[PDB]
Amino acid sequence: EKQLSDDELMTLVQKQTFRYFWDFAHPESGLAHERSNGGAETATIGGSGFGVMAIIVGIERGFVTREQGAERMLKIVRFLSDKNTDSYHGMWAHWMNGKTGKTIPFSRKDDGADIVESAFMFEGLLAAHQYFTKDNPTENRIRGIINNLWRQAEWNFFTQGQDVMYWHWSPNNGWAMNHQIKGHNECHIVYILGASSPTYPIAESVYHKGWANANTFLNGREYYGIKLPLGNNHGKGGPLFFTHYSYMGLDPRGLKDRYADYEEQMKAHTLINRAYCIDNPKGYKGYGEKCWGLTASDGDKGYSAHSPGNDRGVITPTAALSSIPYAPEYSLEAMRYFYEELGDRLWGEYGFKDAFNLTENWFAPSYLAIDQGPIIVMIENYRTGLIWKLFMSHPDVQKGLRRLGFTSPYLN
């Protein structure tokens, strides 16, 4: 078969992966399954938030019509806002039943609000609020519902009156999960949305003392000749998805606060993760320029948060692919290798399967919402900046970023 151009390849990857969020969505709610080989019943909130962004990409790419996409979006936001769908202080659980809306505990004491998952949902919903701007009954109602959900999200409750934010709260276990959200990981957007709230905002000191002070925050060390501003030391920044989940709507290009240049952060982390793979210090089969990218995913021995400090021989396609706006030539090189060389075993119904290990000759049988979503959306951000422009246009997001001391080309 003749080679696809880069534009053709990108479009095929987006279109095939889009099936996960459109055709494979729960029919009652429009929410995304956590994985293709799990419950029939489980919907994931953070992943569904990526799905919301995937729907906007799909309309713009002509995978569905605007009327179809709006209809689906209305189904989603109606389900999430329904009084019979479980919520806690305006937040949802990590998992819920995709037909009934009842919480499914993620672990024994994690059976209430998950504000990181809910923040990823709001990242998508605020983009959707800024996209569905037509004066017609469906889109008027989409915006109304989203604005009410946004105004009802009680960010400051999750501070317990302290200078930091907590990940969970439960009606049955209160604050027992006791997990402070400390930087620099995937949760940046939680503090930005907290600062942006028109109704339950956090104090600035919550960001500066809670998020911005941790062994895993200021880094500044050099790895393979590259300075990494922030993130885990031993992990050389950590799993690569830390450059994806909060930066689907939040555009890191020209984004700066008193701690970092976020464009530098995302590029440094991506190139270090790649350099680790090229170095291949553990000698795994196939690690290289064509085959790089370590992040959390399924694995031949089970799920793990793979990274240069936890390298188990598993390459995970969402790592390189979703980092496309940060190192496009290198991500396109990995994309083409995954499709053209590994495609007979890695490519299937919903795109690239979750992960593979060439040393153990293993290819994941699964697809995961949280790995598939960023592939669709970050490809689009690279090609047109679509989701970035929508999210960064929201006037509360702009207020929040200013409160926290950010500068950006979107601000002024």
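A residue's number is simply how far along the shown sequence it sits, counting from 1.
**Q** Comparing 227 to 235 with 92 to 100, where is the mean C-alpha B-factor higher?
**A** Taking the mean B-factor of the alpha carbons in each, 227 to 235 is higher.
**Q** Can you let me know which of the two, 65 to 73 or 45 to 53, has the higher average C-alpha B-factor in the entry?
**A** Result of the comparison: 65 to 73.
**Q** Hey, out of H244, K182, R221, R151, whose CA B-factor is highest in the deposited coordinates?
**A** By C-alpha B-factor in the record, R221 ranks first.
**Q** So if I compare the CA B-factors in the entry for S29, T359, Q372, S36, which one is the largest?
**A** The listed residue with the largest C-alpha B-factor is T359.
**Q** Can you tell me which third, lowest, middle or highest, the CA B-factor of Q162 falls into for its chain?
**A** Tercile = lowest for this residue's CA B-factor.
**Q** Just say lowest, middle or highest third for the CA B-factor of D298 relative to the other modelled residues in its chain.
**A** Middle third by C-alpha B-factor.
**Q** Sorting the chain's modelled residues by C-alpha B-factor, tell me whether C277 ends up in the lowest, middle or highest third.
**A** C277: CA B-factor falls in the highest third of its chain.
**Q** If you rank the chain by CA B-factor, which third does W211 end up in: lowest, middle or highest?
**A** Answer is lowest: the recorded C-alpha B-factor places it there.
**Q** Lowest, middle or highest third: where is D257 by C-alpha B factor in its chain?
**A** Tercile = middle for this residue's CA B-factor.
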